[PDB]
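Structure file upload_37.txt with compact mmCIF, C-alpha atoms:
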# COMPACT_ATOMS: atom_id res chain seq x y z
CA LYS I 1 86.23 143.89 1.78
CA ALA I 2 88.13 145.68 4.51
CA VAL I 3 88.38 142.60 6.73
CA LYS I 4 89.84 140.76 3.78
CA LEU I 5 92.73 143.13 4.37
CA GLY I 6 91.48 144.45 7.70
CA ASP I 7 92.98 147.82 6.82
CA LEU I 8 92.05 149.88 9.81
CA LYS I 9 91.34 153.09 7.97
CA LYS I 10 89.84 151.36 4.97
CA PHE I 11 88.27 149.22 7.62
CA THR I 12 87.14 152.24 9.60
CA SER I 13 86.10 153.93 6.35
CA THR I 14 83.35 151.37 5.92
CA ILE I 15 82.34 151.97 9.52
CA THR I 16 82.97 155.64 8.89
CA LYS I 17 80.64 155.21 5.97
CA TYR I 18 78.14 152.73 7.31
CA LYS I 19 78.17 153.45 11.03
CA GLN I 20 74.55 154.54 10.94
CA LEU I 21 73.62 151.46 8.95
CA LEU I 22 75.68 149.54 11.48
CA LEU I 23 73.96 151.61 14.13
CA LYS I 24 70.76 150.79 12.27
CA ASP I 25 71.49 147.15 12.93
CA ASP I 26 73.71 147.83 15.96
CA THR I 27 76.37 145.68 14.48
CA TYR I 28 78.56 148.70 15.13
CA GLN I 29 79.81 147.24 18.43
CA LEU I 30 81.41 144.59 16.30
CA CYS I 31 84.43 145.02 14.05
CA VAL I 32 85.95 147.52 16.47
CA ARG I 33 87.98 144.53 17.48
CA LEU I 34 88.49 142.53 14.32
CA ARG I 35 90.32 145.66 13.16
CA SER I 36 93.69 144.58 14.40
CA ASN I 37 92.56 140.99 14.40
CA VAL I 38 92.78 140.92 10.64
CA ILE I 39 95.89 143.02 11.03
CA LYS I 40 97.08 140.22 13.29
CA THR I 41 95.54 137.83 10.78
CA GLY I 42 97.72 139.12 7.99
CA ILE I 43 100.53 139.09 10.51
CA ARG I 44 99.96 135.37 10.78
CA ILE I 45 99.75 134.70 7.07
CA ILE I 46 102.19 134.63 4.15
CA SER I 47 104.41 135.76 7.00
CA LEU I 48 104.76 133.34 9.86
CA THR I 49 105.72 130.84 7.26
CA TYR I 50 109.33 131.01 8.29
CA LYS I 51 110.18 129.45 11.62
CA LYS I 52 110.44 133.14 12.41
CA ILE I 53 110.66 136.23 10.66
CA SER I 54 112.81 138.70 12.50
CA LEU I 55 111.84 141.16 15.09
CA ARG I 56 112.09 143.95 12.58
CA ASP I 57 110.86 142.16 9.48
CA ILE I 58 107.84 141.11 11.41
CA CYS I 59 108.25 144.46 13.04
CA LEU I 60 108.34 145.58 9.42
CA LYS I 61 104.68 144.78 9.15
CA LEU I 62 104.63 146.92 12.25
CA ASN I 63 107.35 149.13 10.82
CA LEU I 64 104.43 149.35 8.46
CA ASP I 65 102.30 149.95 11.55
CA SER I 66 104.06 150.58 14.89
CA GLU I 67 107.17 149.75 16.89
CA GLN I 68 107.81 147.86 20.13
CA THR I 69 104.21 148.13 20.66
CA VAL I 70 105.18 145.22 18.44
CA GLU I 71 106.13 143.59 21.71
CA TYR I 72 102.63 144.23 22.94
CA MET I 73 101.17 143.96 19.44
CA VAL I 74 102.85 140.63 18.93
CA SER I 75 102.09 139.58 22.47
CA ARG I 76 98.70 141.12 21.79
CA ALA I 77 98.56 138.68 18.90
CA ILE I 78 100.36 135.80 20.61
CA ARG I 79 98.17 136.45 23.66
CA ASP I 80 95.20 135.04 21.91
CA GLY I 81 97.03 132.33 20.22
CA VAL I 82 95.07 132.85 16.98
CA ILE I 83 98.63 132.71 15.75
CA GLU I 84 101.40 130.51 16.95
CA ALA I 85 104.86 131.99 17.21
CA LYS I 86 107.43 133.10 19.71
CA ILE I 87 110.15 135.71 19.87
CA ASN I 88 113.06 136.76 21.80
CA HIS I 89 113.71 140.47 21.71
CA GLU I 90 116.93 139.41 23.40
CA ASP I 91 117.14 137.58 20.10
CA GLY I 92 115.14 140.19 18.25
CA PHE I 93 113.72 137.19 16.44
CA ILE I 94 110.00 136.79 16.09
CA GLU I 95 109.94 133.06 15.91
CA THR I 96 106.96 131.76 13.99
CA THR I 97 105.89 128.22 14.74
CA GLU I 98 105.21 125.16 12.62
CA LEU I 99 101.55 124.50 13.24
CA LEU I 100 102.51 121.12 11.79
CA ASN I 101 101.20 117.71 12.87
CA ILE I 102 99.61 114.56 11.53
CA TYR I 103 96.51 112.66 12.54
CA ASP I 104 98.64 110.57 14.84
CA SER I 105 96.68 112.34 17.53
CA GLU I 106 93.08 111.55 18.47
CA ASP I 107 92.36 114.86 16.79
CA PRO I 108 90.81 113.16 13.74
CA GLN I 109 89.22 110.63 15.96
CA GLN I 110 87.87 113.49 17.94
CA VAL I 111 86.15 114.44 14.71
CA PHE I 112 85.38 110.80 14.24
CA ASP I 113 84.07 110.92 17.78
CA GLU I 114 82.31 114.07 16.64
CA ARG I 115 81.05 112.03 13.70
CA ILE I 116 80.53 109.17 16.15
CA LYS I 117 78.41 111.36 18.43
CA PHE I 118 76.36 112.23 15.35
CA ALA I 119 75.95 108.54 14.49
CA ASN I 120 72.86 108.86 16.69
CA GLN I 121 71.57 112.01 14.97
CA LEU I 122 69.74 110.47 12.02
CA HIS I 123 70.10 106.96 13.44
CA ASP I 124 68.29 107.74 16.69
CA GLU I 125 65.95 110.09 14.83
CA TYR I 126 64.83 107.33 12.48
CA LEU I 127 63.46 105.78 15.66
CA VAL I 128 62.27 109.24 16.65
CA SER I 129 59.95 109.23 13.76
CA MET I 130 59.58 105.47 13.20
CA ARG I 131 56.30 105.86 15.07
CA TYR I 132 54.18 108.03 13.03
CA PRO I 133 52.78 106.03 10.11
CA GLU I 134 53.75 102.78 11.78
CA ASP I 135 51.86 103.75 14.88
CA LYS I 136 49.04 105.67 13.21
CA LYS I 137 48.58 102.90 10.64
CA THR I 138 47.42 100.79 13.57
CA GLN I 139 44.64 103.36 13.84
CA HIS Q 1 103.76 66.47 20.69
CA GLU Q 2 100.86 64.12 20.00
CA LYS Q 3 98.31 66.43 21.65
CA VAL Q 4 94.95 65.05 21.40
CA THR Q 5 91.36 65.20 20.25
CA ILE Q 6 88.57 64.97 22.79
CA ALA Q 7 85.36 63.02 22.30
CA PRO Q 8 82.46 64.71 24.08
CA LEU Q 9 80.70 61.37 23.72
CA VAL Q 10 83.37 60.19 26.12
CA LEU Q 11 83.09 63.23 28.32
CA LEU Q 12 79.37 62.68 28.74
CA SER Q 13 79.31 58.97 29.55
CA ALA Q 14 82.47 59.53 31.52
CA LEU Q 15 80.45 61.46 34.00
CA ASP Q 16 77.65 58.96 33.67
CA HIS Q 17 80.27 56.48 34.74
CA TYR Q 18 81.10 58.80 37.59
CA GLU Q 19 77.34 59.12 37.99
CA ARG Q 20 76.62 55.45 37.41
CA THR Q 21 79.49 54.54 39.70
CA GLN Q 22 78.23 57.19 42.13
CA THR Q 23 81.89 57.99 42.42
CA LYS Q 24 82.60 60.72 44.91
CA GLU Q 25 85.57 62.88 45.81
CA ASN Q 26 86.81 59.90 47.78
CA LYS Q 27 86.89 58.13 44.43
CA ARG Q 28 87.66 58.59 40.77
CA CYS Q 29 85.68 56.68 38.18
CA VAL Q 30 88.30 55.30 35.86
CA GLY Q 31 88.26 53.91 32.45
CA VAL Q 32 89.66 53.25 29.02
CA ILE Q 33 89.84 55.98 26.44
CA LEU Q 34 89.78 55.16 22.80
CA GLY Q 35 90.86 56.57 19.51
CA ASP Q 36 94.05 56.12 17.57
CA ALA Q 37 97.22 57.51 19.15
CA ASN Q 38 99.80 57.67 16.35
CA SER Q 39 99.78 61.20 15.07
CA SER Q 40 101.21 64.34 16.62
CA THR Q 41 97.53 64.81 17.14
CA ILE Q 42 95.82 61.93 18.86
CA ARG Q 43 92.12 61.33 18.64
CA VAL Q 44 89.70 60.28 21.31
CA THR Q 45 86.99 58.19 19.74
CA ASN Q 46 85.61 56.65 22.87
CA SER Q 47 86.36 55.42 26.35
CA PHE Q 48 85.13 52.79 28.76
CA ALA Q 49 84.50 52.69 32.47
CA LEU Q 50 86.90 50.23 33.99
CA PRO Q 51 85.10 48.70 36.95
CA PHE Q 52 87.59 49.58 39.56
CA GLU Q 53 88.42 50.18 43.17
CA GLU Q 54 90.38 53.06 44.60
CA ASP Q 55 91.78 53.43 48.08
CA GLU Q 56 93.80 56.41 49.15
CA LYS Q 57 93.69 55.37 52.78
CA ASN Q 58 96.60 53.46 51.33
CA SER Q 59 97.71 55.20 48.14
CA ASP Q 60 98.95 52.25 46.12
CA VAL Q 61 95.97 50.29 47.38
CA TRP Q 62 93.21 50.15 44.77
CA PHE Q 63 91.60 47.51 42.61
CA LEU Q 64 91.14 47.10 38.88
CA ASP Q 65 91.02 44.44 36.20
CA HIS Q 66 92.37 44.80 32.70
CA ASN Q 67 90.43 41.84 31.39
CA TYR Q 68 87.50 44.09 30.79
CA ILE Q 69 89.63 45.77 28.18
CA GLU Q 70 90.61 42.33 26.99
CA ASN Q 71 87.05 41.33 26.22
CA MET Q 72 86.30 44.99 25.63
CA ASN Q 73 88.79 45.64 22.87
CA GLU Q 74 87.64 42.46 21.16
CA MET Q 75 84.15 43.83 20.87
CA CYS Q 76 85.67 47.28 20.42
CA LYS Q 77 87.70 45.86 17.58
CA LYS Q 78 84.67 43.92 16.43
CA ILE Q 79 82.87 47.22 16.78
CA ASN Q 80 85.75 49.13 15.21
CA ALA Q 81 89.39 48.53 14.49
CA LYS Q 82 90.06 52.24 14.96
CA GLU Q 83 89.41 51.86 18.68
CA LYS Q 84 93.10 51.28 19.08
CA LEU Q 85 94.01 52.05 22.62
CA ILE Q 86 95.10 55.62 23.07
CA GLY Q 87 95.06 55.65 26.80
CA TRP Q 88 92.55 55.81 29.57
CA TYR Q 89 90.56 58.09 31.79
CA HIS Q 90 89.63 58.44 35.40
CA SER Q 91 87.47 60.93 37.18
CA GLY Q 92 89.96 63.10 38.96
CA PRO Q 93 89.70 66.12 39.07
CA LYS Q 94 93.28 65.52 40.13
CA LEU Q 95 96.13 63.05 40.08
CA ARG Q 96 97.27 60.65 42.73
CA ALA Q 97 100.70 59.13 42.32
CA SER Q 98 99.22 55.61 42.17
CA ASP Q 99 98.05 56.90 38.82
CA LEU Q 100 101.63 56.39 37.76
CA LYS Q 101 101.40 52.70 38.60
CA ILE Q 102 97.99 52.58 36.96
CA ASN Q 103 99.39 54.51 34.01
CA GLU Q 104 101.95 51.81 33.41
CA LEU Q 105 99.39 49.05 33.28
CA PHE Q 106 98.09 50.56 30.06
CA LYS Q 107 101.64 50.88 28.78
CA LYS Q 108 101.36 47.18 28.18
CA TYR Q 109 98.05 47.90 26.50
CA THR Q 110 98.89 50.98 24.48
CA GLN Q 111 101.14 51.80 21.56
CA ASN Q 112 102.81 54.90 22.91
CA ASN Q 113 103.04 55.68 26.53
CA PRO Q 114 99.28 55.65 27.01
CA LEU Q 115 97.12 58.62 27.81
CA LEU Q 116 95.81 59.52 31.21
CA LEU Q 117 92.59 61.45 31.37
CA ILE Q 118 91.47 63.67 34.22
CA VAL Q 119 87.89 64.85 34.29
CA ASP Q 120 86.29 67.45 36.50
CA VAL Q 121 83.19 65.51 37.40
CA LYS Q 122 81.87 68.79 38.70
CA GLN Q 123 83.13 70.55 35.55
CA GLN Q 124 83.75 73.37 37.93
CA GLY Q 125 85.89 76.19 36.67
CA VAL Q 126 86.57 76.58 33.03
CA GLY Q 127 87.60 75.34 29.62
CA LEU Q 128 87.81 71.60 29.96
CA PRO Q 129 86.66 69.86 33.02
CA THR Q 130 89.56 67.80 31.95
CA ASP Q 131 93.24 66.98 31.81
CA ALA Q 132 94.97 64.30 29.80
CA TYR Q 133 98.41 63.16 30.87
CA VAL Q 134 101.20 61.04 29.60
CA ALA Q 135 103.78 59.86 32.12
CA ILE Q 136 107.40 61.01 31.92
CA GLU Q 137 110.56 61.66 33.93
CA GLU Q 138 112.75 62.70 38.44
CA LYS Q 139 109.63 61.26 36.80
CA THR Q 140 107.73 63.20 34.20
CA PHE Q 141 104.09 63.28 33.26
CA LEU Q 142 102.55 66.02 31.23
CA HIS Q 143 99.42 67.69 29.95
CA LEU Q 144 99.35 68.30 26.31
CA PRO Q 145 96.40 70.54 25.52
CA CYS Q 146 93.48 68.85 23.85
CA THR Q 147 90.07 69.69 22.42
CA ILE Q 148 86.97 68.50 20.60
CA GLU Q 149 86.51 67.40 16.98
CA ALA Q 150 83.60 67.03 14.57
CA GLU Q 151 81.62 65.00 15.54
CA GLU Q 152 79.17 67.35 13.89
CA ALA Q 153 77.02 64.30 14.43
CA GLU Q 154 77.72 65.21 18.02
CA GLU Q 155 77.56 68.91 17.21
CA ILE Q 156 74.03 68.53 15.89
CA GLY Q 157 72.34 66.96 18.87
CA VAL Q 158 74.72 69.36 20.57
CA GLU Q 159 72.99 72.11 18.62
CA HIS Q 160 69.80 71.10 20.37
CA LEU Q 161 71.53 72.42 23.45
CA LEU Q 162 72.28 76.07 24.43
CA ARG Q 163 69.05 77.84 23.55
CA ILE Q 164 79.77 89.76 22.23
CA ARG Q 165 82.89 91.16 23.82
CA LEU Q 166 82.89 91.90 27.53
CA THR Q 167 83.54 88.28 28.43
CA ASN Q 168 86.64 88.45 26.35
CA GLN Q 169 87.98 90.95 28.81
CA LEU Q 170 86.84 89.13 31.82
CA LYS Q 171 89.54 86.57 32.27
CA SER Q 172 91.90 89.55 32.36
CA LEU Q 173 92.55 89.12 36.05
CA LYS Q 174 92.35 85.44 36.30
CA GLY Q 175 95.77 84.02 35.64
CA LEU Q 176 97.38 87.17 37.03
CA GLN Q 177 95.52 86.61 40.25
CA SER Q 178 96.90 83.18 40.90
CA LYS Q 179 100.07 84.05 39.05
CA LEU Q 180 101.64 86.50 41.46
CA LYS Q 181 100.32 84.37 44.29
CA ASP Q 182 101.56 81.26 42.49
CA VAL Q 183 104.99 82.68 42.98
CA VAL Q 184 104.18 83.68 46.53
CA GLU Q 185 102.69 80.22 46.75
CA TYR Q 186 105.78 78.42 45.52
CA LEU Q 187 107.80 81.23 47.05
CA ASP Q 188 106.27 80.55 50.42
CA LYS Q 189 105.29 77.03 49.51
CA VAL Q 190 108.98 76.30 49.24
CA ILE Q 191 109.36 79.19 51.60
CA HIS Q 192 110.87 75.81 40.84
CA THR Q 193 112.78 76.42 37.67
CA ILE Q 194 109.62 76.81 35.62
CA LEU Q 195 108.77 80.03 37.39
CA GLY Q 196 111.88 81.76 36.12
CA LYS Q 197 111.07 80.02 32.85
CA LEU Q 198 107.98 82.16 32.98
CA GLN Q 199 109.86 85.18 34.29
CA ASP Q 200 111.61 85.83 31.00
CA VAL Q 201 108.58 86.01 28.76
CA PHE Q 202 107.21 88.59 31.16
CA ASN Q 203 108.76 91.46 29.28
CA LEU Q 204 106.90 90.01 26.34
CA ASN Q 205 103.27 95.53 28.52
CA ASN Q 206 104.75 98.95 28.40
CA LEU Q 207 106.15 97.66 25.08
CA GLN Q 208 104.10 100.16 23.07
CA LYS Q 209 105.65 102.38 20.41
CA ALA Q 210 104.52 105.30 18.24
CA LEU Q 211 103.50 102.36 16.11
CA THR Q 212 100.64 103.28 18.38
CA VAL Q 213 99.94 106.04 15.89
CA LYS Q 214 99.23 103.36 13.29
CA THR Q 215 96.45 102.26 15.57
CA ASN Q 216 95.17 105.77 15.77
CA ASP Q 217 95.71 106.11 12.05
CA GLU Q 218 94.00 102.79 11.56
CA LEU Q 219 91.14 103.55 13.92
CA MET Q 220 90.36 106.58 11.82
CA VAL Q 221 89.12 104.77 8.76
CA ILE Q 222 87.39 102.30 11.04
CA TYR Q 223 85.27 105.21 11.90
CA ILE Q 224 84.98 106.52 8.40
CA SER Q 225 82.25 103.94 7.86
CA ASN Q 226 80.51 105.71 10.74
CA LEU Q 227 78.83 108.35 8.58
CA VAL Q 228 78.07 105.32 6.42
CA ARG Q 229 77.17 102.88 9.19
CA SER Q 230 74.18 104.98 10.14
CA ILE Q 231 74.15 107.10 6.99
CA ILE Q 232 71.87 104.50 5.53
CA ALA Q 233 69.92 104.78 8.72
CA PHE Q 234 70.35 108.53 8.45
CA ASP Q 235 68.62 108.29 5.07
CA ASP Q 236 66.61 105.06 5.10
CA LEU Q 237 64.05 104.90 7.90
CA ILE Q 238 63.53 108.66 8.02
CA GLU Q 239 62.34 109.04 4.43
CA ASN Q 240 60.42 105.78 4.83
CA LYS Q 241 57.60 106.96 7.10
CA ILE Q 242 57.10 110.08 4.98
CA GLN Q 243 55.95 107.91 2.07
CA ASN Q 244 53.71 105.65 4.16
CA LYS Q 245 52.05 108.27 6.35
CA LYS Q 246 51.46 110.89 3.67
CA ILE Q 247 49.93 108.02 1.75
CA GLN Q 248 48.09 107.04 4.87
CA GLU Q 249 47.43 109.94 7.25
CA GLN Q 250 45.98 111.52 4.13
CA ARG Q 251 44.57 108.24 2.81
CA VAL Q 252 41.39 109.08 4.57
CA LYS Q 253 39.10 109.50 1.57
CA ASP Q 254 35.53 108.59 2.47
Is it possible to give me this structure as structure tokens?
Amino acid sequence: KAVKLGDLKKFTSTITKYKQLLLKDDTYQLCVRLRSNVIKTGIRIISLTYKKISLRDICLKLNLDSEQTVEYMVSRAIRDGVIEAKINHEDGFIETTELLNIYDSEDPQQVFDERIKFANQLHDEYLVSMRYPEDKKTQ
Amino acid sequence: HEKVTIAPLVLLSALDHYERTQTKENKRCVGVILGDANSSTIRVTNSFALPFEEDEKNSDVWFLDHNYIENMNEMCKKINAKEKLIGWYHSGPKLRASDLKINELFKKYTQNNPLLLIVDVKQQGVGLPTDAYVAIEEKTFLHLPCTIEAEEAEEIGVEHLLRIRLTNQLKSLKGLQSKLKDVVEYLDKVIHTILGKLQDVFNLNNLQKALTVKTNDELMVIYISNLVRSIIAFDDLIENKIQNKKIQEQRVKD
């Protein structure tokens, strides 16, 4: 509910509320992080959808939040990838990438390979169990 | 041009001839070859050992009679009209210019320029133990490629003989091996035109284009069947032992 927005306070509020329950499950250690992650998540979304947005309009989300920590905060975000964009403050333009391809790459065929690698899952397993009646029926 | 059928029946007896004649590398067992030579594809029906003598101690020195063929063709005719002389064979594996002379004998006896036939009596290397030549001109002679027909009659007794992919690769080297050398051969053999004649087609490689993607794109679907290829396995043999063992491992009544 918070993480949908990842609204640090509203976020924290839950924690603020449930910390003991968190503490009860010691999931408390978590989320302390995803705080700005979702913040950075939002930052990525319905936002990077220009080849940029500006410094300040993307800083606007930080003008919503902070300033020139933006630099960090964006680098903080860019650091992880988890978004793909660039900037130049010299430009003051927070330059928000495509993320656009096709399956020209082996990327699908990776998954195919992934699928391929699985081709042995049930296939090789069928032999894994072929035994049991077949072999015990001999008995 | 008229490039030709091959009769295994020939090929076989041909070596028998070689065998029968006990021909050796010193020698080449020679003989008629039969078929009908008109079409831009010629057929080999049959072929006949020409009792012969070969001497390369003196090249042009060798002995043969036609008059075999004379009486031969008669019977051949009487056997079949379709014998009509296409040419002739020898053992080989290789030519000797006296062949040319010998070639021309049959010219009297053949419709077209008749057909030489090399055989590898040791069948050594590869596809064909065989070459078929027609003279030419600066003489010419030439190999047109040839092959077998059906002759399923053959192919059947054939079937009684014998008894996926990596090969396909394997020749990969072969020509290339010789090839570069073959230059360096002729290079340093004559240290001809045909080499440059090859040289052009060379760039026919690194030719590849993002049309490559198509491949990738294509290969995708190729794999789509994957989940299906073994899906039926995935589903099929697994839930098969659960209906035979539960029946059985529990069968176990009395």
Enumerate, in order of chain and increasing residue number, the residues of chain I with an atom no farther than 7 Å from chain Q, each with its shortest atom pair and distance in Å to one decimal, counting only C-alpha atoms, as a Markdown table.
| residue | atom | partner | partner_atom | distance |
| --- | --- | --- | --- | --- |
| I:103 | CA | Q:217 | CA | 6.6 |
| I:104 | CA | Q:213 | CA | 4.8 |
| I:105 | CA | Q:216 | CA | 7.0 |
| I:106 | CA | Q:216 | CA | 6.7 |
| I:108 | CA | Q:220 | CA | 6.9 |
| I:109 | CA | Q:220 | CA | 5.9 |
| I:112 | CA | Q:223 | CA | 6.1 |
| I:115 | CA | Q:227 | CA | 6.7 |
| I:116 | CA | Q:226 | CA | 6.4 |
| I:119 | CA | Q:230 | CA | 5.9 |
| I:122 | CA | Q:234 | CA | 4.1 |
| I:123 | CA | Q:233 | CA | 5.2 |
| I:126 | CA | Q:238 | CA | 4.8 |
| I:129 | CA | Q:238 | CA | 6.8 |
| I:130 | CA | Q:241 | CA | 6.6 |
| I:132 | CA | Q:241 | CA | 6.9 |
| I:133 | CA | Q:245 | CA | 4.4 |
Handout entry: CA of residue 60 (chain Q) to CA of residue 98 (chain Q), distance in Å rounded to a single decimal
Key = 5.2 Å
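Residues with any atom within 12 Å of residue 81 (chain I), counting all atoms listed in the file and excluding same-chain neighbours fewer than 5 positions away, are residues 37, 40, 41, 44, 74, 75, 76, 86, 96, 97 and 99 of chain I.
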Problem - Long-range neighbours of residue 91 (chain I) as a ChimeraX atom specification, 10 Å cut-off, only C-alpha atoms, 3 positions minimum in chain - result: /I:54-55,87-88,94-95
Exercise for the section: Find the spatial neighbours of residue 4 (chain I), counting only C-alpha atoms, within a cut-off of 10 Å - ignore same-chain residues fewer than 4 positions away - and output them as a PyMOL selection string. Expected result: chain I and resi 11+38-39+41-42
Exercise for the section: Quote the spacing between CA of residue 96 (chain Q) and CA of residue 28 (chain Q) in Å to one decimal place. Expected result: 10.0 Å
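Pairwise distance (CA of residue 53 (chain Q), CA of residue 24 (chain Q)) equals 12.2 Å.
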